[PDB]
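Data first, discussion second: the structure below is written as structure tokens.
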Amino acid sequence: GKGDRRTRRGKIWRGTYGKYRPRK
Amino acid sequence: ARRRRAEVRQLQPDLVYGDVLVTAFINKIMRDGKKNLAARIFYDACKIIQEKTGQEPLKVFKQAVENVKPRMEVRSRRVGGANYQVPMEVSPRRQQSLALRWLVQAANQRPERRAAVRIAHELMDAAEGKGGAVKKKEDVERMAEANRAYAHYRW
Amino acid sequence: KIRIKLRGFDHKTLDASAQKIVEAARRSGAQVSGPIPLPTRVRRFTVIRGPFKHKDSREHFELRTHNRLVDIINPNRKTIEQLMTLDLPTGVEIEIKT
Amino acid sequence: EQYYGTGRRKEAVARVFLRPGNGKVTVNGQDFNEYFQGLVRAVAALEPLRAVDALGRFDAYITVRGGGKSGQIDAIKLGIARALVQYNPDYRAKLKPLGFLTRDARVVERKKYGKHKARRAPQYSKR
Amino acid sequence: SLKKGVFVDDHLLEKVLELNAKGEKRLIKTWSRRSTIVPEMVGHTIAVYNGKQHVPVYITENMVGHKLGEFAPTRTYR
Amino acid sequence: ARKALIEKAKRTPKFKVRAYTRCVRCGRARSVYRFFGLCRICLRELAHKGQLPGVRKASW
Amino acid sequence: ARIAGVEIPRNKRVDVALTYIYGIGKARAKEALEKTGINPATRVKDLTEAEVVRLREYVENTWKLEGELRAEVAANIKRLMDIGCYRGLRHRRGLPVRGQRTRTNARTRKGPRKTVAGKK
RNA sequence: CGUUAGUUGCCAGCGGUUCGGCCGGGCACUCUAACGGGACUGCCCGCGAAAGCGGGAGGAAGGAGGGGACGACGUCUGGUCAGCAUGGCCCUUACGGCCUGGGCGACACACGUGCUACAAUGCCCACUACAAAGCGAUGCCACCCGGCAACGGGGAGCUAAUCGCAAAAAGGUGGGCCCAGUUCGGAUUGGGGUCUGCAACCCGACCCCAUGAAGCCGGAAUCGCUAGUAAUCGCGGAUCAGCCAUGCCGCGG
Ligand SMILES: [Mg+2]
């Protein structure tokens with residue numbers, strides 16, 4: 001989970017955004 | 001617990017069968033503080049004791065529990081020269097806990113792939129009196145009794 | 001229709017110094033919609049107590065801006081008198097609006 | 001026509017108006033079972049009624065905001081109860097034995113410096 | 001990693017360009033190890049400082065987009 | 001080098017990246033709060049005196 | 001069936017099962033299963049031969065793959081030796097390549113452990 | 001719980017509502033924040049010489065109601081001359097200064113503190129207001145367009161209970177994976193790009209394509225916590241161009 005930048009969690013945790021977690 | 005003898009933290013009754021002893025059980029099932037999922041599981045498990053047996057879940061639950069309570073156990077004891085497993089009776093609060101602890105544990109050791117089934121089978125198989133819970137019950141009772149010789153210290 | 005802001009560090013002397021403006025706008029003005037207190041803007045600092053490695057044991061400091069608001073619906077020069085000058089604030093700020 | 005209580009529970013506030021008759025319960029502009037959906041414990045929030053026998057012969061309109069779904073659940077529970085003492089003096093002499101009337105004092109205790117987490121201290125290795 | 005120029009140093013091209021109006025030098029020393037190696041300005045062996053001295057790095061075509069210090073390593077027995 | 005340094009940190013420099021804060025009191029590179037120009041040390045100091053307006057000891 | 005190189009997935013979803021190729025990730029698999037219009041939830045076990053080829057062709061032609069790649073990367077790193085840049089030795093010296101500590105960790109690029117003695 | 005106070009609350013009550021508490025209308029409620037009230041073993045039973053101890057009533061709160069700030073004479077010839085201050089001693093075309101580059105990031109190894117996992121009480125994807133501290137005018141960036149995205153355009157609003165960071169996440173509901181080193185886990189490496197900065201080789205973080213390692217719950221040992229605690233899930237801030245923060249100080253579920 002929290003370590004895959006290509007999960008959604010991966011990005012919540014990292015704080016970042018992108019393909020796998022977009023800005024609404 | 002040096003000063004006082006500690007109040008037995010009381011429990012809200014169940015919002016279904018209305019029993020403290022149920023929530024007690026539910027609590028043990030709960031993992032990371034997720035009481036919701038915990039509850040779903042125990043109820044969904046009572047459903048697999050309709051679909052499987054004509055009996056009322058509660059009665060099975062009660063009667064399985066009653067089957068996994070130990071009567072004796074070896075409390076450890078140091079004396080200056082060797083270690084002594086000394087058999088004493090079991091106070092009813094401890095019975096309560098060991099049983100309910102054991103059930104969940106026995107249950108999560110089972111093979112079936114889903115929470116509510118493992119709970120269910122165990123619950124059934126132990127009210128018949130052949131649980132893997134009931135194993136680690138007759139073992140304790142047996143472990144006392146085999147150390148029946150040292151049963152004359154009991155402090 | 002007057003809208004005057006009051007910011008502060010000292011809670012007790014906004015409610016003091018700017019409740020002269022609920023008198024000198026009632027005696028020579030008329031209608032008053034009382035003081036309204038706006039939530040505070042607290043600025044916390046946290047310092048390691050010693051000059052050296054003692055990364056636990058710290059002290060806590062907060063400098064808090066108390067915000068206060070005043071509305072009065074009779075804009076006369078009957079009022080812009082004690083409300084032109086007649087003072088008791090000393091570390092306050094004020095925004096004058098309409 | 002109308003009755004009131006203000007339930008609160010750990011950052012959660014419960015505006016509660018009951019009305020006589022029906023049984024339906026609007027909560028933040030939603031049916032009870034749409035707001036508390038799947039949440040197995042909510043049925044408790046309306047336990048104060050089952051206490052007095054007003055089972056489901058009140059309606060109730062409820063705003064509830066602040067923090068938490070289950071904290072809200074208990075918050076309401078205080079309203080639903082604080083509302084009916086204020087529509088019957090004698091609604092008291094059997095809600096105290098069950099104490100739906102106590103606020104519930106408990107709250108996220110504070111993070112202390114040096115600990116990880118309020119009480120949980122870090123990990124001593126000693127050698 | 002950039003894309004608006006190649007952030008390579010003034011003092012270096014001045015010296016490269018105006019060296020290539022007929023110039024064939026190795027004695028060419030520099031401390032600008034953060035300047036990108038520029039399209040085909042090859043041949044010339046640059047001397048790069050690693051913090052202690054200047055390294056004789058003879059340059060080839062295949063090592064272009066790389067920055068200059070990738071060839072002047074900064075530490076010993078690694 | 002702490003002297004030639006305190007001075008050079010007042011200058012304007014070739015490239016603004018080389019700037020930085022520095023406890024104006026206790027001439028200090030590290031932990032200098034932006035709203036003060038003040039090393040956490042030369043600070044807990046003034047704070048205690050009252051020479052710092054509206055700054056109180058926090059407690060909750 | 002045989003998609004790439006000398007490759008054969010099976011008996012699972014095609015999205016997943018496409019994965020079993022060197023160069024096909026979870027992303028390139030979505031992309032392929034719509035730019036040739038094959039529902040992803042089908043098991044390989046049962047899908048058209050019309051479709052095994054409309055897949056085959058898309059995949060081998062959109063991109064470099066399955067050991068064409070294994071050789072390309074192979075060929076890249078052997079170039080990073082070049083005259084010899086930094087990342088070169090580093091690969092030569094089997095150490096982390098992307099600027100990270102070696103005092104501790106660096107296990108994934110080092111042989112289990114290689115313990116010695118010390119400290120007096 | 002009361003008092004005071006209306007650019008945050010509201011059909012609570014009625015009117016208009018392009019159905020956005022937005023438009024009049026109102027602080028009742030919620031809240032924001034300033035002052036007050038409340039708990040004292042005061043009341044009843046029982047024991048006791050007393051202090052008080054065991055129970056019970058009332059009450060939001062009982063017997064220190066829950067958390068802070070607060071650290072006695074002194075002990076460790078404890079820590080720090082590198083924050084500062086300071087006696088003493090040593091350097092004074094150099095043990096001072098200024099710069100370019102390098103190093104503080106080295107790696108056969110070994111401990112500490114953590115993070116992330118080893119899965120089905122789980123992972124993935126879709127939808128779905130439960131909100132409870134803070135930061136913002138050489139900035140927060142709503143909204144548009146371009147881009148799979150990082151980000152780049154244009155551009156509004158708010159010196160900010162008004163505007164923005166801001167989506168809380170666990171949860172709920174649907175669907176999917178079927179016990180597989182896997183749709184578990186995301187180390188390593190390849191490639192292509194974004195941003196900040198004079199400059200990102202040594203030495204930044206971010207996005208995307210590929211690559212997918214060890215890990216199937218851990219020997220002898222050993223750590224934390226007694227209640228909103230532990231366990232679990234996100235949120236913000238300080239320093240700061242950016243950032244190696246999984247750290248730290250805080251907030252709630
Ligand atoms: Mg260091």
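Naming scheme: A, B, ... for chains in displayed order of the structure tokens; residues 1 onward per chain; ligands 1 onward as shown.
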Task: Spatial neighbours of region 41-51 of chain F, max dist 10 Å, only C-alpha atoms (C1' of nucleotides), sep filter under 2 positions, as an MDAnalysis selection string - done: (chainID C and resid 45:52 59:61) or (chainID F and resid 23:28 31:33 36:39 53:57) or (chainID H and resid 83:84)
TODO: Name the residues of chain B that fall into strand (DSSP E or B) according to DSSP on the backbone, using the chain letters and numbers of this document, as a PyMOL selection string.
DONE: chain B and resi 72-75+78-79+82-83+86-89
Task: Long-range neighbours of residue 153 (chain B) as a VMD selection string, 12 Å cut-off, only C-alpha atoms (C1' of nucleotides), 3 positions minimum in chain - done: chain B and resid 74 to 79 84 to 88 147 to 150
Task: Residue set, chain E restricted to helix (DSSP H, G or I), as a ChimeraX atom specification - done: /E:10-20,61-63,68-71
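With the cut-off set to 8 Å and only C-alpha atoms counted, chain C residues close to chain D are residues 55, 56, 57 and 58 of chain C.
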For those residues, write N, CA and C atoms to a file as a PDB file, in the first residue's frame.
ATOM      1  N   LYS C  55      16.686  16.857  23.193  1.00  0.00           N
ATOM      2  CA  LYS C  55      15.582  16.912  22.270  1.00  0.00           C
ATOM      3  C   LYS C  55      14.210  16.653  22.851  1.00  0.00           C
ATOM      4  N   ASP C  56      14.072  15.966  23.977  1.00  0.00           N
ATOM      5  CA  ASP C  56      12.769  15.922  24.676  1.00  0.00           C
ATOM      6  C   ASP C  56      12.700  17.196  25.496  1.00  0.00           C
ATOM      7  N   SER C  57      11.892  17.233  26.553  1.00  0.00           N
ATOM      8  CA  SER C  57      11.776  18.469  27.377  1.00  0.00           C
ATOM      9  C   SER C  57      11.945  19.804  26.624  1.00  0.00           C
ATOM     10  N   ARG C  58      10.796  20.359  26.188  1.00  0.00           N
ATOM     11  CA  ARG C  58      10.644  21.659  25.498  1.00  0.00           C
ATOM     12  C   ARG C  58       9.686  22.622  26.232  1.00  0.00           C
TER      13      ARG C  58
END
TODO: Residues up to 12 Å from ligand 1, counting only C-alpha atoms (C1' of nucleotides) and all ligand atoms: could you list those as a list in words?
DONE: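 The neighbouring residues of ligand 1 are, in order, residues 101 of chain G; 103, 104 and 105 of chain H.
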TODO: Write down, as a PyMOL selection string, each residue of chain F that has any atom within 6 Å of an atom of chain H, counting only C-alpha atoms (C1' of nucleotides).
DONE: chain F and resi 15+26+59-60
Please, could you write that set of residues out with C-alpha atoms as an mmCIF file, in the first residue's frame?
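What follows is the written file out-v9.cif:
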data_model
loop_
_atom_site.group_PDB
_atom_site.id
_atom_site.type_symbol
_atom_site.label_atom_id
_atom_site.label_comp_id
_atom_site.auth_asym_id
_atom_site.auth_seq_id
_atom_site.Cartn_x
_atom_site.Cartn_y
_atom_site.Cartn_z
ATOM 1 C CA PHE F 15 22.861 35.027 -6.632
ATOM 2 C CA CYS F 26 23.014 35.589 19.559
ATOM 3 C CA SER F 59 -0.931 25.422 28.261
ATOM 4 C CA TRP F 60 -3.713 22.912 27.378
#
- [ ] Output as an NGL selection string the set of chain D residues within 6 Å of chain H, with distances taken over only C-alpha atoms (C1' of nucleotides).
- [x] :D and (66-69 or 102-103 or 106-108 or 120 or 123)
Open item on the list: One number please: CA of residue 44 (chain E) to CA of residue 12 (chain E), in Å, one decimal.
Closed with: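 We find that CA of residue 44 (chain E) and CA of residue 12 (chain E) lie 12.2 Å from each other.
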Open item on the list: Please find the residues of chain G near chain H - the criterion being any atom within 8 Å, counting only C-alpha atoms (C1' of nucleotides) - and write them as a ChimeraX atom specification.
Closed with: /G:16,23-25,73,76,86,99-103,108-109,114-117
Task: Exercise: residue 52 (chain E) partners within 12 Å, only C-alpha atoms (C1' of nucleotides), chain neighbours under 3 positions left out, as an NGL selection string - done: (:E and (31 or 48-49 or 55 or 72-76)) or (:H and (100-103))
Would you mind listing, for every residue of chain H within 12 Å of chain A, the two atoms forming the shortest contact and the distance between them in Å to one decimal, using only C-alpha atoms (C1' of nucleotides), sorted by chain and ascending residue number, as a Markdown table?
| residue | atom | partner | partner_atom | distance |
| --- | --- | --- | --- | --- |
| H:115 | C1' | A:3 | CA | 9.8 |
| H:116 | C1' | A:3 | CA | 6.4 |
| H:117 | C1' | A:1 | CA | 8.4 |
| H:119 | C1' | A:1 | CA | 11.0 |
| H:122 | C1' | A:1 | CA | 10.9 |
| H:123 | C1' | A:1 | CA | 8.0 |
| H:124 | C1' | A:7 | CA | 8.3 |
| H:125 | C1' | A:8 | CA | 9.9 |
| H:147 | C1' | A:19 | CA | 11.5 |
| H:148 | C1' | A:19 | CA | 6.2 |
| H:149 | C1' | A:18 | CA | 4.8 |
| H:150 | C1' | A:18 | CA | 7.0 |
| H:151 | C1' | A:18 | CA | 10.2 |
| H:166 | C1' | A:23 | CA | 10.7 |
| H:167 | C1' | A:24 | CA | 7.6 |
| H:168 | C1' | A:12 | CA | 10.3 |
| H:169 | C1' | A:12 | CA | 8.7 |
| H:170 | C1' | A:9 | CA | 11.6 |
| H:183 | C1' | A:7 | CA | 11.4 |
| H:184 | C1' | A:1 | CA | 9.6 |
| H:185 | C1' | A:1 | CA | 7.9 |
| H:186 | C1' | A:4 | CA | 5.7 |
| H:187 | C1' | A:3 | CA | 10.2 |
| H:194 | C1' | A:18 | CA | 11.7 |
| H:205 | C1' | A:16 | CA | 10.9 |
| H:206 | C1' | A:16 | CA | 7.7 |
| H:207 | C1' | A:18 | CA | 6.7 |
| H:208 | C1' | A:19 | CA | 8.1 |
| H:212 | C1' | A:4 | CA | 11.9 |
| H:233 | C1' | A:13 | CA | 11.2 |
| H:234 | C1' | A:12 | CA | 8.9 |
| H:235 | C1' | A:15 | CA | 11.5 |
| H:245 | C1' | A:14 | CA | 11.0 |
| H:246 | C1' | A:14 | CA | 10.0 |
Open item on the list: Residues near region 46-53 of chain G, anyone? I mean within 12 Å using only C-alpha atoms (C1' of nucleotides), not counting same-chain ones fewer than 6 positions away, as a list in words.
Closed with: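 Selected residues are residues 1, 2, 3, 4, 8, 9, 10, 11, 12, 13, 14, 18, 32, 33, 34, 35, 36, 37, 38, 39, 40, 59 and 60 of chain G.
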Just write the chosen residues, C-alpha atoms, as a PDB file, in the first residue's frame.
ATOM      1  CA  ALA G   1      -2.169 -18.282 -26.250  1.00  0.00           C
ATOM      2  CA  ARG G   2       1.222 -17.292 -27.407  1.00  0.00           C
ATOM      3  CA  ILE G   3       1.354 -13.527 -27.434  1.00  0.00           C
ATOM      4  CA  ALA G   4       4.785 -11.955 -27.262  1.00  0.00           C
ATOM      5  CA  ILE G   8       2.003 -17.917 -23.298  1.00  0.00           C
ATOM      6  CA  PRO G   9      -0.137 -16.592 -20.258  1.00  0.00           C
ATOM      7  CA  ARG G  10      -3.270 -18.543 -19.129  1.00  0.00           C
ATOM      8  CA  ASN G  11      -6.564 -19.332 -17.331  1.00  0.00           C
ATOM      9  CA  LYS G  12      -6.870 -15.817 -15.725  1.00  0.00           C
ATOM     10  CA  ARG G  13      -8.117 -12.444 -16.864  1.00  0.00           C
ATOM     11  CA  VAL G  14      -6.251 -11.133 -19.935  1.00  0.00           C
ATOM     12  CA  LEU G  18      -0.950 -10.014 -20.179  1.00  0.00           C
ATOM     13  CA  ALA G  32      -4.091  -2.600 -25.320  1.00  0.00           C
ATOM     14  CA  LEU G  33      -7.401  -4.097 -24.209  1.00  0.00           C
ATOM     15  CA  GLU G  34      -9.368  -1.103 -25.461  1.00  0.00           C
ATOM     16  CA  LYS G  35      -7.303   0.096 -28.472  1.00  0.00           C
ATOM     17  CA  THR G  36      -8.199  -3.388 -29.783  1.00  0.00           C
ATOM     18  CA  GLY G  37     -11.516  -3.567 -27.929  1.00  0.00           C
ATOM     19  CA  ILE G  38     -11.248  -6.760 -25.843  1.00  0.00           C
ATOM     20  CA  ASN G  39     -13.130  -6.828 -22.553  1.00  0.00           C
ATOM     21  CA  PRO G  40     -10.509  -7.362 -19.820  1.00  0.00           C
ATOM     22  CA  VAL G  59       1.481  -5.470 -28.873  1.00  0.00           C
ATOM     23  CA  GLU G  60       4.557  -6.499 -30.905  1.00  0.00           C
TER      24      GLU G  60
END
- [ ] Record the distance separating CA of residue 33 (chain C) and CA of residue 71 (chain C), expressed in Å with one decimal.
- [x]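 Value for the CA of residue 33 (chain C)-CA of residue 71 (chain C) distance: 5.4 Å.
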Task: Within 7 Å of chain C: residues of chain H, using only C-alpha atoms (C1' of nucleotides), as a ChimeraX atom specification - done: /H:5-6,32-33,80,83,161,249
Can I get the selection written as a PDB file, in the first residue's frame, with N, CA and C atoms (P, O5', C5', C4', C3', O3' and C1' of nucleotides)?
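Below is the file out-v9.pdb, written as the result:
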ATOM      1  P     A H   5     -26.547  42.356  24.578  1.00  0.00           P
ATOM      2  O5'   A H   5     -25.724  42.953  23.347  1.00  0.00           O
ATOM      3  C5'   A H   5     -24.312  43.222  23.407  1.00  0.00           C
ATOM      4  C4'   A H   5     -23.579  42.529  22.280  1.00  0.00           C
ATOM      5  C3'   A H   5     -24.402  41.904  21.155  1.00  0.00           C
ATOM      6  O3'   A H   5     -24.928  42.831  20.204  1.00  0.00           O
ATOM      7  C1'   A H   5     -22.577  40.494  21.740  1.00  0.00           C
ATOM      8  P     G H   6     -25.980  42.337  19.075  1.00  0.00           P
ATOM      9  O5'   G H   6     -25.037  41.760  17.924  1.00  0.00           O
ATOM     10  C5'   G H   6     -24.801  42.475  16.685  1.00  0.00           C
ATOM     11  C4'   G H   6     -24.004  41.632  15.704  1.00  0.00           C
ATOM     12  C3'   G H   6     -24.643  41.391  14.346  1.00  0.00           C
ATOM     13  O3'   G H   6     -23.636  40.873  13.472  1.00  0.00           O
ATOM     14  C1'   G H   6     -24.739  39.404  15.575  1.00  0.00           C
ATOM     15  P     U H  32     -16.831  27.193  19.109  1.00  0.00           P
ATOM     16  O5'   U H  32     -16.244  28.631  18.769  1.00  0.00           O
ATOM     17  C5'   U H  32     -15.743  28.933  17.454  1.00  0.00           C
ATOM     18  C4'   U H  32     -15.754  30.427  17.247  1.00  0.00           C
ATOM     19  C3'   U H  32     -15.108  31.232  18.365  1.00  0.00           C
ATOM     20  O3'   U H  32     -13.692  31.295  18.189  1.00  0.00           O
ATOM     21  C1'   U H  32     -17.232  32.154  17.846  1.00  0.00           C
ATOM     22  P     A H  33     -12.742  31.489  19.464  1.00  0.00           P
ATOM     23  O5'   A H  33     -13.461  32.654  20.256  1.00  0.00           O
ATOM     24  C5'   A H  33     -13.075  34.009  20.047  1.00  0.00           C
ATOM     25  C4'   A H  33     -13.505  34.787  21.250  1.00  0.00           C
ATOM     26  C3'   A H  33     -12.757  34.428  22.536  1.00  0.00           C
ATOM     27  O3'   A H  33     -11.989  35.599  22.763  1.00  0.00           O
ATOM     28  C1'   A H  33     -15.090  34.667  22.908  1.00  0.00           C
ATOM     29  P     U H  80      30.107  18.403  27.193  1.00  0.00           P
ATOM     30  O5'   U H  80      29.933  19.558  26.103  1.00  0.00           O
ATOM     31  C5'   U H  80      28.743  19.705  25.306  1.00  0.00           C
ATOM     32  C4'   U H  80      28.337  21.163  25.165  1.00  0.00           C
ATOM     33  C3'   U H  80      29.432  22.215  25.277  1.00  0.00           C
ATOM     34  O3'   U H  80      29.836  22.657  23.987  1.00  0.00           O
ATOM     35  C1'   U H  80      27.507  22.855  26.554  1.00  0.00           C
ATOM     36  P     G H  83      27.165  25.760  21.185  1.00  0.00           P
ATOM     37  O5'   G H  83      27.141  27.217  20.534  1.00  0.00           O
ATOM     38  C5'   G H  83      26.490  27.521  19.264  1.00  0.00           C
ATOM     39  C4'   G H  83      25.760  28.856  19.316  1.00  0.00           C
ATOM     40  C3'   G H  83      26.511  30.015  19.957  1.00  0.00           C
ATOM     41  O3'   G H  83      27.400  30.724  19.107  1.00  0.00           O
ATOM     42  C1'   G H  83      24.274  29.952  20.758  1.00  0.00           C
ATOM     43  P     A H 161     -11.262  36.997   9.422  1.00  0.00           P
ATOM     44  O5'   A H 161     -12.854  36.943   9.433  1.00  0.00           O
ATOM     45  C5'   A H 161     -13.571  36.426  10.573  1.00  0.00           C
ATOM     46  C4'   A H 161     -13.633  34.913  10.540  1.00  0.00           C
ATOM     47  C3'   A H 161     -14.318  34.274   9.324  1.00  0.00           C
ATOM     48  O3'   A H 161     -13.441  33.344   8.682  1.00  0.00           O
ATOM     49  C1'   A H 161     -15.178  33.370  11.347  1.00  0.00           C
ATOM     50  P     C H 249       8.021  15.299  19.497  1.00  0.00           P
ATOM     51  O5'   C H 249       7.174  16.644  19.409  1.00  0.00           O
ATOM     52  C5'   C H 249       7.797  17.944  19.575  1.00  0.00           C
ATOM     53  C4'   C H 249       6.759  19.043  19.483  1.00  0.00           C
ATOM     54  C3'   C H 249       5.337  18.599  19.778  1.00  0.00           C
ATOM     55  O3'   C H 249       5.031  18.867  21.133  1.00  0.00           O
ATOM     56  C1'   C H 249       5.406  19.679  17.674  1.00  0.00           C
TER      57        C H 249
END
Task: Residue list for chain E near chain G as a PyMOL selection string, 8 Å, only C-alpha atoms - done: chain E and resi 62-63+70-71+73+78
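In this structure, the chain D residues at most 10 Å away from chain B are residues 38, 39, 40, 41, 42, 43, 44 and 47 of chain D, with only C-alpha atoms considered.
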Open item on the list: I'd like the contact shell of residue 231 (chain H) - 9 Å cut-off, only C-alpha atoms (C1' of nucleotides), skipping same-chain residues fewer than 5 positions apart - returned as a count of residues only.
Closed with: 3
Task: Interatomic distance, CA of residue 69 (chain B) to CA of residue 126 (chain B) (Å, one decimal) - done: 11.1 Å
